[PDB]
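Visitor: Sharing an experimental structure here, sequence included.
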Amino acid sequence: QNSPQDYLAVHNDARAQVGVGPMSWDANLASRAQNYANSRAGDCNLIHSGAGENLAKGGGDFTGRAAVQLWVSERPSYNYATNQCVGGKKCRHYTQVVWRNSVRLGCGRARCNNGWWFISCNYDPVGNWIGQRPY
């Protein structure tokens with residue numbers, strides 16, 4: 001639930017569900033993501049860049065798979081039938097996961113200085129960005 005494929009699988013699912021192209025594991029992005037998470041875990045705050053990442057903090061058994069899944073929890077807040085976010089709050093996560101523009105992927109899990117687990121997932125080109133279309 002934290003291996004490269006664990007993150008990738010869920011992303012690739014969500015993307016597949018709206019017929020968006022895949023992504024790959026850059027490995028170095030994964031180091032970067034985990035290393036950023038590892039440092040920033042001394043705080044724990046959902047603070048990384050803004051547009052081109054997907055951050056998560058959980059509580060205990062919080063896995064990377066679960067984190068991507070938490071982002072896909074906004075499933076019915078996306079609606080490909082209208083090809084936009086629904087008039088429903090919190091659609092600022094799935095959008096990135098599904099971000100057509102990003103072809104790189106790499107993610108990392110680090111344990112916070114409060115018991116909980118931090119997760120980061122980097123993407124380039126930038127994502128969840130106004131400019132081009134998410135899906």
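Guide: Arrived safely, thanks for sending. Numbering: from 1, shown residues only.

Visitor: residue boundaries of the helices in this structure?
Guide: Assigned by DSSP state H, the helices in the chain fall at 4-17, 28-40, 64-72, 94-98.

Visitor: List the neighbours of the shortest one that are in contact with it.
Guide: For helix 94-98, contacts defined as C-beta atoms under 8 Å, 6 or more residues apart in numbering pick out 10-11, 14-15, 18, 20, 52-54, 68, 71-72, 74-75, 77-78, 85, 102, 121, 123, 127-128, 134-135. To be clear about C-beta, it is placed using only N, CA and C from the backbone, and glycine gets the same treatment.

Visitor: Of those residues, which belong to strands?
Guide: Those of those mapping onto strands are 78, 85, 121, per DSSP state E.

Visitor: Let me see the contact set for the residue nearest to residue 108 when sequence neighbours are not counted.
Guide: Counting by C-beta to C-beta, 6 or more residues apart in numbering, residue 34 is the residue found nearest to residue 108 once chain neighbours are left out, at 2.4 Å. For residue 34, the contacting residues are 107, 108, 109, 110, 120, by C-beta under 8 Å, 6+ apart.
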